file my_file34.cif (mmCIF, C-alpha atoms and all ligand atoms)
data_upload
loop_
_atom_site.group_PDB
_atom_site.id
_atom_site.type_symbol
_atom_site.label_atom_id
_atom_site.label_comp_id
_atom_site.auth_asym_id
_atom_site.auth_seq_id
_atom_site.Cartn_x
_atom_site.Cartn_y
_atom_site.Cartn_z
ATOM 1 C CA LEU A 2 -3.544 -17.747 0.572
ATOM 2 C CA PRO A 3 -6.974 -16.535 -0.664
ATOM 3 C CA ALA A 4 -8.030 -17.220 -4.266
ATOM 4 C CA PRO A 5 -11.242 -17.435 -6.272
ATOM 5 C CA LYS A 6 -12.782 -20.913 -6.236
ATOM 6 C CA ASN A 7 -15.590 -22.798 -7.958
ATOM 7 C CA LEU A 8 -15.379 -21.237 -11.439
ATOM 8 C CA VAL A 9 -18.417 -22.424 -13.404
ATOM 9 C CA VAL A 10 -20.826 -21.138 -16.016
ATOM 10 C CA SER A 11 -24.354 -20.486 -14.832
ATOM 11 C CA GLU A 12 -25.636 -19.869 -18.371
ATOM 12 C CA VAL A 13 -24.340 -20.471 -21.910
ATOM 13 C CA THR A 14 -25.674 -19.207 -25.221
ATOM 14 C CA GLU A 15 -24.358 -19.315 -28.790
ATOM 15 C CA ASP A 16 -22.431 -16.084 -28.114
ATOM 16 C CA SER A 17 -22.054 -15.840 -24.328
ATOM 17 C CA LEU A 18 -20.808 -17.482 -21.136
ATOM 18 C CA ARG A 19 -22.157 -16.236 -17.815
ATOM 19 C CA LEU A 20 -19.400 -16.935 -15.295
ATOM 20 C CA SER A 21 -19.907 -17.608 -11.582
ATOM 21 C CA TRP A 22 -17.258 -18.087 -8.851
ATOM 22 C CA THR A 23 -16.743 -17.830 -5.097
ATOM 23 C CA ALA A 24 -14.208 -15.822 -3.065
ATOM 24 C CA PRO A 25 -13.721 -14.809 0.597
ATOM 25 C CA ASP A 26 -15.778 -11.673 1.404
ATOM 26 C CA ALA A 27 -13.651 -8.502 0.916
ATOM 27 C CA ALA A 28 -10.477 -10.567 0.289
ATOM 28 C CA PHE A 29 -10.146 -8.856 -3.102
ATOM 29 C CA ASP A 30 -10.600 -5.291 -4.320
ATOM 30 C CA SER A 31 -11.226 -6.453 -7.877
ATOM 31 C CA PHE A 32 -11.000 -9.502 -10.131
ATOM 32 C CA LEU A 33 -8.921 -9.815 -13.251
ATOM 33 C CA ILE A 34 -10.597 -12.093 -15.775
ATOM 34 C CA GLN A 35 -8.638 -13.227 -18.822
ATOM 35 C CA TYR A 36 -10.251 -15.171 -21.666
ATOM 36 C CA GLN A 37 -9.324 -16.413 -25.123
ATOM 37 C CA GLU A 38 -10.382 -19.108 -27.550
ATOM 38 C CA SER A 39 -8.625 -22.255 -26.289
ATOM 39 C CA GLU A 40 -6.827 -23.014 -29.597
ATOM 40 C CA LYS A 41 -5.642 -19.385 -29.342
ATOM 41 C CA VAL A 42 -7.605 -18.198 -32.385
ATOM 42 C CA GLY A 43 -8.537 -14.514 -31.857
ATOM 43 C CA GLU A 44 -7.530 -11.963 -29.193
ATOM 44 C CA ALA A 45 -6.694 -12.702 -25.551
ATOM 45 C CA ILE A 46 -8.991 -10.378 -23.605
ATOM 46 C CA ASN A 47 -8.440 -8.869 -20.148
ATOM 47 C CA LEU A 48 -11.185 -7.392 -18.065
ATOM 48 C CA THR A 49 -11.570 -6.083 -14.552
ATOM 49 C CA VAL A 50 -14.611 -6.341 -12.307
ATOM 50 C CA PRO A 51 -15.295 -4.952 -8.812
ATOM 51 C CA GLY A 52 -14.268 -7.166 -5.870
ATOM 52 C CA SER A 53 -17.887 -7.520 -4.729
ATOM 53 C CA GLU A 54 -18.867 -9.386 -7.944
ATOM 54 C CA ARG A 55 -19.322 -13.165 -8.101
ATOM 55 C CA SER A 56 -20.660 -13.365 -11.643
ATOM 56 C CA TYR A 57 -19.886 -11.846 -15.036
ATOM 57 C CA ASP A 58 -21.334 -12.209 -18.530
ATOM 58 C CA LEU A 59 -18.739 -12.841 -21.256
ATOM 59 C CA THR A 60 -20.458 -11.695 -24.430
ATOM 60 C CA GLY A 61 -19.895 -11.368 -28.187
ATOM 61 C CA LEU A 62 -18.357 -14.824 -28.490
ATOM 62 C CA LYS A 63 -18.273 -17.258 -31.399
ATOM 63 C CA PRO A 64 -20.670 -20.250 -31.452
ATOM 64 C CA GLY A 65 -19.539 -23.832 -30.748
ATOM 65 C CA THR A 66 -16.196 -22.572 -29.517
ATOM 66 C CA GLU A 67 -14.037 -23.567 -26.559
ATOM 67 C CA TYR A 68 -12.690 -20.712 -24.385
ATOM 68 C CA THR A 69 -10.074 -20.824 -21.624
ATOM 69 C CA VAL A 70 -11.079 -18.514 -18.787
ATOM 70 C CA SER A 71 -8.757 -17.433 -15.957
ATOM 71 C CA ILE A 72 -9.770 -15.447 -12.909
ATOM 72 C CA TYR A 73 -7.366 -13.743 -10.463
ATOM 73 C CA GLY A 74 -8.267 -12.013 -7.202
ATOM 74 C CA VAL A 75 -6.598 -8.571 -7.079
ATOM 75 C CA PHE A 76 -5.693 -6.941 -3.770
ATOM 76 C CA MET A 77 -4.193 -3.621 -2.669
ATOM 77 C CA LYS A 78 -2.137 -3.340 0.519
ATOM 78 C CA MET A 79 -1.063 -0.084 2.176
ATOM 79 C CA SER A 80 1.901 -0.021 4.568
ATOM 80 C CA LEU A 81 4.331 2.509 6.055
ATOM 81 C CA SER A 82 8.076 2.283 5.583
ATOM 82 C CA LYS A 83 10.662 4.260 7.521
ATOM 83 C CA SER A 84 14.033 5.672 6.420
ATOM 84 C CA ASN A 85 17.179 5.219 8.501
ATOM 85 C CA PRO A 86 17.027 7.770 11.325
ATOM 86 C CA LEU A 87 19.040 10.942 11.503
ATOM 87 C CA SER A 88 20.123 11.579 15.078
ATOM 88 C CA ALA A 89 21.820 14.435 16.973
ATOM 89 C CA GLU A 90 22.314 15.558 20.570
ATOM 90 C CA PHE A 91 21.315 19.029 21.746
ATOM 91 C CA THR A 92 21.572 20.842 25.054
ATOM 92 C CA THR A 93 18.848 23.088 26.434
ATOM 93 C CA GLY A 94 19.714 26.523 27.806
ATOM 94 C CA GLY A 95 20.354 27.422 31.418
ATOM 95 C CA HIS A 96 21.902 25.802 34.456
ATOM 96 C CA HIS A 97 21.329 22.116 35.179
ATOM 97 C CA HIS A 98 19.653 21.485 38.567
ATOM 98 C CA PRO B 3 16.610 8.698 1.040
ATOM 99 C CA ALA B 4 16.600 10.062 4.605
ATOM 100 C CA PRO B 5 16.213 13.428 6.357
ATOM 101 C CA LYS B 6 19.439 15.439 6.578
ATOM 102 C CA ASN B 7 20.923 18.411 8.436
ATOM 103 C CA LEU B 8 19.200 18.046 11.793
ATOM 104 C CA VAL B 9 19.982 21.199 13.799
ATOM 105 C CA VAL B 10 18.236 23.449 16.305
ATOM 106 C CA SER B 11 17.238 26.865 15.055
ATOM 107 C CA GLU B 12 16.375 28.029 18.587
ATOM 108 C CA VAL B 13 17.168 26.932 22.143
ATOM 109 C CA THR B 14 15.685 28.150 25.439
ATOM 110 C CA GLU B 15 15.837 26.845 29.023
ATOM 111 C CA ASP B 16 12.808 24.617 28.329
ATOM 112 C CA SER B 17 12.700 24.087 24.549
ATOM 113 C CA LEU B 18 14.538 23.014 21.396
ATOM 114 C CA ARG B 19 13.225 24.165 18.025
ATOM 115 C CA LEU B 20 14.279 21.473 15.560
ATOM 116 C CA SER B 21 14.999 22.067 11.872
ATOM 117 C CA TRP B 22 15.948 19.576 9.122
ATOM 118 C CA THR B 23 16.069 19.171 5.363
ATOM 119 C CA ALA B 24 14.537 16.650 2.983
ATOM 120 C CA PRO B 25 13.929 16.408 -0.785
ATOM 121 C CA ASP B 26 10.555 17.945 -1.772
ATOM 122 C CA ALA B 27 7.815 15.309 -1.389
ATOM 123 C CA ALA B 28 10.283 12.519 -0.570
ATOM 124 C CA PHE B 29 8.290 11.683 2.577
ATOM 125 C CA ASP B 30 4.624 11.540 3.522
ATOM 126 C CA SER B 31 5.485 12.352 7.139
ATOM 127 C CA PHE B 32 8.322 12.458 9.679
ATOM 128 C CA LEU B 33 8.672 10.492 12.876
ATOM 129 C CA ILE B 34 10.414 12.451 15.638
ATOM 130 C CA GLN B 35 11.703 10.634 18.695
ATOM 131 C CA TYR B 36 13.486 12.221 21.658
ATOM 132 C CA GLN B 37 14.696 11.530 25.172
ATOM 133 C CA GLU B 38 17.183 12.792 27.746
ATOM 134 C CA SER B 39 20.562 11.449 26.568
ATOM 135 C CA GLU B 40 21.527 10.013 29.975
ATOM 136 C CA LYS B 41 18.221 8.121 30.151
ATOM 137 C CA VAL B 42 16.997 4.819 28.684
ATOM 138 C CA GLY B 43 13.382 3.677 28.160
ATOM 139 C CA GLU B 44 11.569 7.014 28.478
ATOM 140 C CA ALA B 45 11.449 7.943 24.765
ATOM 141 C CA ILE B 46 8.810 10.299 23.344
ATOM 142 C CA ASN B 47 7.483 9.786 19.773
ATOM 143 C CA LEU B 48 5.358 12.024 17.549
ATOM 144 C CA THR B 49 4.719 12.459 13.824
ATOM 145 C CA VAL B 50 4.530 15.607 11.682
ATOM 146 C CA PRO B 51 3.423 16.042 8.015
ATOM 147 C CA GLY B 52 5.948 15.507 5.194
ATOM 148 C CA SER B 53 5.785 19.179 4.207
ATOM 149 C CA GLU B 54 7.218 20.271 7.598
ATOM 150 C CA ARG B 55 10.871 21.131 8.174
ATOM 151 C CA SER B 56 10.752 22.288 11.805
ATOM 152 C CA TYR B 57 9.160 21.294 15.120
ATOM 153 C CA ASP B 58 9.208 22.851 18.623
ATOM 154 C CA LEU B 59 10.099 20.480 21.483
ATOM 155 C CA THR B 60 8.793 22.152 24.656
ATOM 156 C CA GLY B 61 8.492 21.458 28.414
ATOM 157 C CA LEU B 62 12.124 20.339 28.599
ATOM 158 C CA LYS B 63 14.523 20.502 31.565
ATOM 159 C CA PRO B 64 17.205 23.270 31.618
ATOM 160 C CA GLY B 65 20.932 22.525 31.060
ATOM 161 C CA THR B 66 20.092 19.047 29.822
ATOM 162 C CA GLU B 67 21.328 16.999 26.896
ATOM 163 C CA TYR B 68 18.624 15.427 24.670
ATOM 164 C CA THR B 69 19.003 12.825 21.940
ATOM 165 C CA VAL B 70 16.704 13.500 18.943
ATOM 166 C CA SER B 71 16.096 11.148 16.015
ATOM 167 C CA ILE B 72 14.121 11.856 12.901
ATOM 168 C CA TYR B 73 12.885 9.236 10.424
ATOM 169 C CA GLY B 74 11.387 9.945 7.016
ATOM 170 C CA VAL B 75 8.133 7.988 6.663
ATOM 171 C CA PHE B 76 6.645 6.954 3.335
ATOM 172 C CA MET B 77 3.299 5.351 2.518
ATOM 173 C CA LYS B 78 3.794 2.317 0.275
ATOM 174 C CA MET B 79 0.951 0.995 -1.910
ATOM 175 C CA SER B 80 1.115 -2.593 -3.130
ATOM 176 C CA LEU B 81 -0.916 -4.237 -5.864
ATOM 177 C CA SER B 82 -0.917 -8.048 -6.050
ATOM 178 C CA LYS B 83 -2.898 -10.905 -7.595
ATOM 179 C CA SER B 84 -3.860 -14.353 -6.331
ATOM 180 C CA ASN B 85 -3.086 -17.649 -8.024
ATOM 181 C CA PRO B 86 -5.329 -17.995 -11.095
ATOM 182 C CA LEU B 87 -8.366 -20.193 -11.171
ATOM 183 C CA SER B 88 -8.785 -21.532 -14.715
ATOM 184 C CA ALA B 89 -11.421 -23.491 -16.640
ATOM 185 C CA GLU B 90 -12.445 -24.278 -20.227
ATOM 186 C CA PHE B 91 -16.056 -23.637 -21.384
ATOM 187 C CA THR B 92 -17.806 -24.178 -24.730
ATOM 188 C CA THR B 93 -20.305 -21.743 -26.163
ATOM 189 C CA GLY B 94 -23.622 -23.025 -27.530
ATOM 190 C CA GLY B 95 -24.382 -23.896 -31.123
ATOM 191 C CA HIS B 96 -22.460 -25.228 -34.092
ATOM 192 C CA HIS B 97 -18.843 -24.347 -34.834
ATOM 193 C CA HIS B 98 -18.320 -22.612 -38.197
HETATM 194 NA NA NA A 101 2.960 -5.396 -7.066
#
call {"tool": "encode", "arguments": {"input": "my_file34.cif", "output": "structure tokens"}}
result
Amino acid sequence: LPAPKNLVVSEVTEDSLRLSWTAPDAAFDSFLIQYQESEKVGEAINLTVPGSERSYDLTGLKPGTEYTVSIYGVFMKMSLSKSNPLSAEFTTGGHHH
Amino acid sequence: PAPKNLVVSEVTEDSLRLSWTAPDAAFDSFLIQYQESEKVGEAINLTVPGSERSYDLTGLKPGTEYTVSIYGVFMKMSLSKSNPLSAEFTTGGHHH
């Protein structure tokens, strides 16, 4: 099954991590990115980005701090379901020929 | 849920005007299938919008029994996520 791959940082500063990853073209409608300080100090944060993105800047971080980052591909599927049928027999007017 | 109360409202020598009931907005459309009863493998299929409660079957043979089936059709939307990809990264600078 499809999934994001190759999660790296392309840039780091004292308060940011610029993420980069790969994914099959149009496999995903969006990405869910979850991040939190690794020791679990501070809030777990959830963000969404468009499915065409392959990079994202995590900003407003604390210096010298380890973060656990998770990325999920998100996909929508549309299908049609069918009820059980209702059936009846009817006869047209007139004389059979 | 499913359509209920399939009847004809009108019959002529060449037509059957179908009528049925369904809960408001239960279905996005209806599938109607019909064929001469004493016949196999000549079925006719069509769809109508989910707001409709009648449909005219025309160009039929006189004095002939027809089997008619109606299905309620609903559009299902699914939202799913892949397996996560996870990594740990350290920001720049000195921890405080
Ligand atoms: Na779901």
call {"tool": "resolve_selection", "arguments": {"input": "my_file34.cif", "expression": "the PyMOL selection byres (((not hetatm)) within 8 of (chain A and resi 101))", "output": "list in words"}}
result
residues 80, 81 and 82 of chain B
call {"tool": "closest_atom_pairs", "arguments": {"input": "my_file34.cif", "of": "chain A", "to": "chain B", "cutoff": "9 Å", "atoms": "only C-alpha atoms", "output": "Markdown table"}}
result
| residue | atom | partner | partner_atom | distance |
| --- | --- | --- | --- | --- |
| A:2 | CA | B:84 | CA | 7.7 |
| A:3 | CA | B:84 | CA | 6.8 |
| A:4 | CA | B:84 | CA | 5.5 |
| A:5 | CA | B:87 | CA | 6.3 |
| A:6 | CA | B:87 | CA | 6.7 |
| A:7 | CA | B:87 | CA | 8.3 |
| A:8 | CA | B:89 | CA | 6.9 |
| A:9 | CA | B:89 | CA | 7.8 |
| A:10 | CA | B:91 | CA | 7.6 |
| A:13 | CA | B:93 | CA | 6.0 |
| A:14 | CA | B:94 | CA | 4.9 |
| A:15 | CA | B:94 | CA | 4.0 |
| A:16 | CA | B:93 | CA | 6.4 |
| A:17 | CA | B:93 | CA | 6.4 |
| A:18 | CA | B:93 | CA | 6.6 |
| A:29 | CA | B:83 | CA | 8.8 |
| A:32 | CA | B:83 | CA | 8.6 |
| A:33 | CA | B:83 | CA | 8.3 |
| A:39 | CA | B:90 | CA | 7.4 |
| A:62 | CA | B:93 | CA | 7.6 |
| A:63 | CA | B:93 | CA | 7.2 |
| A:64 | CA | B:95 | CA | 5.2 |
| A:65 | CA | B:97 | CA | 4.2 |
| A:66 | CA | B:92 | CA | 5.3 |
| A:67 | CA | B:92 | CA | 4.2 |
| A:68 | CA | B:91 | CA | 5.4 |
| A:69 | CA | B:90 | CA | 4.4 |
| A:70 | CA | B:89 | CA | 5.4 |
| A:71 | CA | B:88 | CA | 4.3 |
| A:72 | CA | B:87 | CA | 5.2 |
| A:73 | CA | B:86 | CA | 4.8 |
| A:74 | CA | B:84 | CA | 5.1 |
| A:75 | CA | B:83 | CA | 4.4 |
| A:76 | CA | B:82 | CA | 5.4 |
| A:77 | CA | B:81 | CA | 4.6 |
| A:78 | CA | B:80 | CA | 4.9 |
| A:79 | CA | B:79 | CA | 4.7 |
| A:80 | CA | B:78 | CA | 5.2 |
| A:81 | CA | B:77 | CA | 4.7 |
| A:82 | CA | B:76 | CA | 5.4 |
| A:83 | CA | B:75 | CA | 4.6 |
| A:84 | CA | B:74 | CA | 5.1 |
| A:85 | CA | B:73 | CA | 6.2 |
| A:86 | CA | B:73 | CA | 4.5 |
| A:87 | CA | B:72 | CA | 5.2 |
| A:88 | CA | B:71 | CA | 4.2 |
| A:89 | CA | B:70 | CA | 5.6 |
| A:90 | CA | B:69 | CA | 4.5 |
| A:91 | CA | B:68 | CA | 5.4 |
| A:92 | CA | B:67 | CA | 4.3 |
| A:93 | CA | B:65 | CA | 5.1 |
| A:94 | CA | B:15 | CA | 4.1 |
| A:95 | CA | B:65 | CA | 4.9 |
| A:96 | CA | B:65 | CA | 4.8 |
| A:97 | CA | B:65 | CA | 4.2 |
| A:98 | CA | B:64 | CA | 7.6 |
call {"tool": "atom_distance", "arguments": {"input": "my_file34.cif", "atom1": "atom CA of residue 27 of chain A", "atom2": "atom CA of residue 59 of chain A"}}
result
23.2 Å
call {"tool": "residues_near_point", "arguments": {"input": "my_file34.cif", "point": "(-15.2, -14.4, -9.4)", "cutoff": "7 Å", "atoms": "only C-alpha atoms", "output": "ChimeraX atom specification"}}
result
/A:5,21-24,32,54-56,72
call {"tool": "atom_distance", "arguments": {"input": "my_file34.cif", "atom1": "atom CA of residue 45 of chain B", "atom2": "atom CA of residue 11 of chain B"}}
result
22.0 Å
call {"tool": "atom_distance", "arguments": {"input": "my_file34.cif", "atom1": "atom CA of residue 36 of chain A", "atom2": "atom CA of residue 12 of chain A"}}
result
16.4 Å
call {"tool": "axis_aligned_box", "arguments": {"input": "my_file34.cif", "around": "segment 68-77 of chain A", "padding_each_side": "3 Å", "output": "JSON"}}
result
{"center_x": -8.4, "center_y": -12.2, "center_z": -13.5, "size_x": 14.5, "size_y": 23.2, "size_z": 27.7}
call {"tool": "resolve_selection", "arguments": {"input": "my_file34.cif", "expression": "the PyMOL selection byres (((chain A and resi 57) around 6) and not hetatm)", "output": "list in words"}}
result
residues 19, 20, 56 and 58 of chain A
call {"tool": "residues_around", "arguments": {"input": "my_file34.cif", "residues": "residue 46 of chain A", "least_positions_apart": "4", "cutoff": "9 Å", "atoms": "all atoms listed in the file", "output": "number ranges by chain"}}
result
A: 34-37
call {"tool": "build_atoms", "arguments": {"input": "my_file34.cif", "residues": "segment 47-72 of chain A", "atoms": "N, CA, C and O atoms", "output": "PDB file, in the coordinates of the input"}}
result
ATOM      1  N   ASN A  47      -8.586  -9.110 -21.575  1.00  0.00           N
ATOM      2  CA  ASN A  47      -8.440  -8.869 -20.148  1.00  0.00           C
ATOM      3  C   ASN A  47      -9.543  -7.950 -19.690  1.00  0.00           C
ATOM      4  O   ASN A  47      -9.756  -6.904 -20.279  1.00  0.00           O
ATOM      5  N   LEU A  48     -10.248  -8.326 -18.641  1.00  0.00           N
ATOM      6  CA  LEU A  48     -11.185  -7.392 -18.065  1.00  0.00           C
ATOM      7  C   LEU A  48     -11.111  -7.360 -16.556  1.00  0.00           C
ATOM      8  O   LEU A  48     -10.656  -8.313 -15.917  1.00  0.00           O
ATOM      9  N   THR A  49     -11.562  -6.250 -15.992  1.00  0.00           N
ATOM     10  CA  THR A  49     -11.570  -6.083 -14.552  1.00  0.00           C
ATOM     11  C   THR A  49     -13.001  -5.936 -14.086  1.00  0.00           C
ATOM     12  O   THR A  49     -13.822  -5.318 -14.770  1.00  0.00           O
ATOM     13  N   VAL A  50     -13.296  -6.506 -12.927  1.00  0.00           N
ATOM     14  CA  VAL A  50     -14.611  -6.341 -12.307  1.00  0.00           C
ATOM     15  C   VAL A  50     -14.407  -6.023 -10.839  1.00  0.00           C
ATOM     16  O   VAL A  50     -13.398  -6.455 -10.251  1.00  0.00           O
ATOM     17  N   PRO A  51     -15.353  -5.270 -10.240  1.00  0.00           N
ATOM     18  CA  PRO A  51     -15.295  -4.952  -8.812  1.00  0.00           C
ATOM     19  C   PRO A  51     -15.192  -6.194  -7.933  1.00  0.00           C
ATOM     20  O   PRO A  51     -15.714  -7.252  -8.287  1.00  0.00           O
ATOM     21  N   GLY A  52     -14.520  -6.052  -6.796  1.00  0.00           N
ATOM     22  CA  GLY A  52     -14.268  -7.166  -5.870  1.00  0.00           C
ATOM     23  C   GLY A  52     -15.501  -7.740  -5.193  1.00  0.00           C
ATOM     24  O   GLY A  52     -15.437  -8.810  -4.586  1.00  0.00           O
ATOM     25  N   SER A  53     -16.622  -7.032  -5.293  1.00  0.00           N
ATOM     26  CA  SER A  53     -17.887  -7.520  -4.729  1.00  0.00           C
ATOM     27  C   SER A  53     -18.633  -8.478  -5.675  1.00  0.00           C
ATOM     28  O   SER A  53     -19.598  -9.131  -5.266  1.00  0.00           O
ATOM     29  N   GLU A  54     -18.188  -8.558  -6.927  1.00  0.00           N
ATOM     30  CA  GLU A  54     -18.867  -9.386  -7.944  1.00  0.00           C
ATOM     31  C   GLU A  54     -18.525 -10.863  -7.814  1.00  0.00           C
ATOM     32  O   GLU A  54     -17.402 -11.222  -7.441  1.00  0.00           O
ATOM     33  N   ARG A  55     -19.500 -11.717  -8.123  1.00  0.00           N
ATOM     34  CA  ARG A  55     -19.322 -13.165  -8.101  1.00  0.00           C
ATOM     35  C   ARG A  55     -19.842 -13.786  -9.396  1.00  0.00           C
ATOM     36  O   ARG A  55     -19.943 -15.003  -9.516  1.00  0.00           O
ATOM     37  N   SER A  56     -20.167 -12.931 -10.355  1.00  0.00           N
ATOM     38  CA  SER A  56     -20.660 -13.365 -11.643  1.00  0.00           C
ATOM     39  C   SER A  56     -20.277 -12.315 -12.671  1.00  0.00           C
ATOM     40  O   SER A  56     -20.086 -11.146 -12.332  1.00  0.00           O
ATOM     41  N   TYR A  57     -20.165 -12.745 -13.926  1.00  0.00           N
ATOM     42  CA  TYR A  57     -19.886 -11.846 -15.036  1.00  0.00           C
ATOM     43  C   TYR A  57     -20.266 -12.497 -16.352  1.00  0.00           C
ATOM     44  O   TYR A  57     -19.946 -13.665 -16.584  1.00  0.00           O
ATOM     45  N   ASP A  58     -20.945 -11.735 -17.204  1.00  0.00           N
ATOM     46  CA  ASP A  58     -21.334 -12.209 -18.530  1.00  0.00           C
ATOM     47  C   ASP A  58     -20.265 -11.942 -19.592  1.00  0.00           C
ATOM     48  O   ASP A  58     -20.026 -10.792 -19.950  1.00  0.00           O
ATOM     49  N   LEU A  59     -19.624 -12.994 -20.095  1.00  0.00           N
ATOM     50  CA  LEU A  59     -18.739 -12.841 -21.256  1.00  0.00           C
ATOM     51  C   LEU A  59     -19.606 -12.887 -22.485  1.00  0.00           C
ATOM     52  O   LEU A  59     -20.331 -13.859 -22.694  1.00  0.00           O
ATOM     53  N   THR A  60     -19.536 -11.839 -23.302  1.00  0.00           N
ATOM     54  CA  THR A  60     -20.458 -11.695 -24.430  1.00  0.00           C
ATOM     55  C   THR A  60     -19.699 -11.501 -25.743  1.00  0.00           C
ATOM     56  O   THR A  60     -18.480 -11.271 -25.743  1.00  0.00           O
ATOM     57  N   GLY A  61     -20.434 -11.596 -26.851  1.00  0.00           N
ATOM     58  CA  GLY A  61     -19.895 -11.368 -28.187  1.00  0.00           C
ATOM     59  C   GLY A  61     -18.960 -12.459 -28.650  1.00  0.00           C
ATOM     60  O   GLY A  61     -18.036 -12.193 -29.404  1.00  0.00           O
ATOM     61  N   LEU A  62     -19.208 -13.685 -28.189  1.00  0.00           N
ATOM     62  CA  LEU A  62     -18.357 -14.824 -28.490  1.00  0.00           C
ATOM     63  C   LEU A  62     -18.803 -15.512 -29.775  1.00  0.00           C
ATOM     64  O   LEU A  62     -19.852 -15.196 -30.329  1.00  0.00           O
ATOM     65  N   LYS A  63     -17.989 -16.451 -30.231  1.00  0.00           N
ATOM     66  CA  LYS A  63     -18.273 -17.258 -31.399  1.00  0.00           C
ATOM     67  C   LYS A  63     -18.998 -18.524 -30.953  1.00  0.00           C
ATOM     68  O   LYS A  63     -18.686 -19.061 -29.888  1.00  0.00           O
ATOM     69  N   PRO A  64     -19.961 -19.000 -31.760  1.00  0.00           N
ATOM     70  CA  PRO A  64     -20.670 -20.250 -31.452  1.00  0.00           C
ATOM     71  C   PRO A  64     -19.814 -21.511 -31.539  1.00  0.00           C
ATOM     72  O   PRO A  64     -18.813 -21.541 -32.263  1.00  0.00           O
ATOM     73  N   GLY A  65     -20.221 -22.540 -30.796  1.00  0.00           N
ATOM     74  CA  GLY A  65     -19.539 -23.832 -30.748  1.00  0.00           C
ATOM     75  C   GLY A  65     -18.041 -23.788 -30.512  1.00  0.00           C
ATOM     76  O   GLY A  65     -17.282 -24.573 -31.096  1.00  0.00           O
ATOM     77  N   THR A  66     -17.610 -22.867 -29.655  1.00  0.00           N
ATOM     78  CA  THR A  66     -16.196 -22.572 -29.517  1.00  0.00           C
ATOM     79  C   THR A  66     -15.754 -22.703 -28.061  1.00  0.00           C
ATOM     80  O   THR A  66     -16.412 -22.191 -27.147  1.00  0.00           O
ATOM     81  N   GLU A  67     -14.637 -23.397 -27.867  1.00  0.00           N
ATOM     82  CA  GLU A  67     -14.037 -23.567 -26.559  1.00  0.00           C
ATOM     83  C   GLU A  67     -13.184 -22.342 -26.190  1.00  0.00           C
ATOM     84  O   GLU A  67     -12.358 -21.863 -26.996  1.00  0.00           O
ATOM     85  N   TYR A  68     -13.407 -21.858 -24.967  1.00  0.00           N
ATOM     86  CA  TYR A  68     -12.690 -20.712 -24.385  1.00  0.00           C
ATOM     87  C   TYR A  68     -11.999 -21.129 -23.090  1.00  0.00           C
ATOM     88  O   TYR A  68     -12.559 -21.884 -22.291  1.00  0.00           O
ATOM     89  N   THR A  69     -10.785 -20.637 -22.881  1.00  0.00           N
ATOM     90  CA  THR A  69     -10.074 -20.824 -21.624  1.00  0.00           C
ATOM     91  C   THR A  69     -10.294 -19.554 -20.853  1.00  0.00           C
ATOM     92  O   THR A  69     -10.027 -18.463 -21.368  1.00  0.00           O
ATOM     93  N   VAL A  70     -10.782 -19.688 -19.620  1.00  0.00           N
ATOM     94  CA  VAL A  70     -11.079 -18.514 -18.787  1.00  0.00           C
ATOM     95  C   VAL A  70     -10.203 -18.609 -17.547  1.00  0.00           C
ATOM     96  O   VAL A  70     -10.159 -19.669 -16.901  1.00  0.00           O
ATOM     97  N   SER A  71      -9.508 -17.518 -17.218  1.00  0.00           N
ATOM     98  CA  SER A  71      -8.757 -17.433 -15.957  1.00  0.00           C
ATOM     99  C   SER A  71      -9.237 -16.272 -15.114  1.00  0.00           C
ATOM    100  O   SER A  71      -9.442 -15.161 -15.613  1.00  0.00           O
ATOM    101  N   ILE A  72      -9.419 -16.527 -13.823  1.00  0.00           N
ATOM    102  CA  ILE A  72      -9.770 -15.447 -12.909  1.00  0.00           C
ATOM    103  C   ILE A  72      -8.724 -15.304 -11.794  1.00  0.00           C
ATOM    104  O   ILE A  72      -8.294 -16.310 -11.198  1.00  0.00           O
TER     105      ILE A  72
END
